[PDB]
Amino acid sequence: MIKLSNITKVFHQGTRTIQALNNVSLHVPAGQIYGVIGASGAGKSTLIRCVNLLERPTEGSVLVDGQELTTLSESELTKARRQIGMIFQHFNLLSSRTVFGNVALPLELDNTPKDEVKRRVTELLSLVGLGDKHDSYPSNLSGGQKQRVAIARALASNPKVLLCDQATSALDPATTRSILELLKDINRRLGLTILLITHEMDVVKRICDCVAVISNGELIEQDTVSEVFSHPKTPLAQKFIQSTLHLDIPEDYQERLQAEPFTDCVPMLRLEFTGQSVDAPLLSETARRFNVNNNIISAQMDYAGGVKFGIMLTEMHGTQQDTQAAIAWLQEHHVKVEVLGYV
């Protein structure tokens, strides 16, 4: 649906040149949920705008549904923008309208028969579970409830694409669950191409099929979710995976931690597990086989896109010949073993 090619944008502000995005190219396969993760000022907000041209790229190419959006009549670009729905962090609804009317607005803009907008709005409202809430104002609604109105309104046009700007960025984790679950059931049911940006790796997990990772206005990794969570290529990606998995090496350890082996030391290890590795009784096997003691300082395990992964920080008590033997055994079994230092 979305193919952005070599897209770069420079802002004109303050006698200062900023790169919001630099040589950015992104294909999103029709039918798929595609995340973009990065940091504040990393250039994602700029980017997601570039799709429906809420921002004009200083160079590069946007095309949606085969149609290049860069050179367009402002009157053709409205018609173009019918096929791209959008939603926002702060939900952006008219306080002056009800749930119903708020959804009917985009239908109003490009003129639709009184009954057709009734049909459409009323349908999209049950779809989002707001058919109960028809007459309410945004005053009386939940951040989630609002974001559901926001969704229904995005789909009024019946588009081929749904843009999400930090769409969950402020929400109940519980409710963040419900809205992403809903975006998903729309992907699956309706074949709606979805592109979203976030700083939250947790949403990237939940509904994304692919994920890009972006810095200094360039996105360095483009892969599947499975790949990136399990086999992060860039240290920065790893760091993000240290957000999702919470791995805390306690503070007493760093002062306690030795760069090289000292007499009567045991090694400290970072063990990274992948897929089947993760359900394996690998450490309990090493207890018996190599007569070693694994002490676990920290361990987390997580699903990302149908592949399990996990990391744990452990001590290993044993011989030099026993320890060197479990570690190898572990490696042969595809635990990644990294020796952090000594305790």
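Sequential numbering from 1, following the sequence displayed.
- Looking at mean Cα B-factors across 324 to 332 and 13 to 21, the upper value is held by 13 to 21.
- As listed in the deposited structure, the average C-alpha B-factor of 166 to 174 and of 255 to 263 is greater for 255 to 263.
- For the set 119, 97, 205, 133, the maximum C-alpha B-factor listed in the entry falls on 119.
- The PDB entry assigns its highest CA temperature factor, among 157, 198, 111, 89, to 111.
- In the deposited entry, the Cα temperature factor of residue 57 sits in the top third of values across the chain's modelled residues.
- Among the modelled residues of its chain, residue 337 has a C-alpha B-factor that falls in the lowest third, as given in the PDB entry.
- For residue 302, the recorded CA temperature factor ranks within the middle third of the chain's modelled residues.
- Per-chain ranking of the deposited C-alpha B factor places residue 33 in the lowest third.
- Per-chain ranking of the deposited C-alpha B factor places residue 240 in the highest third.
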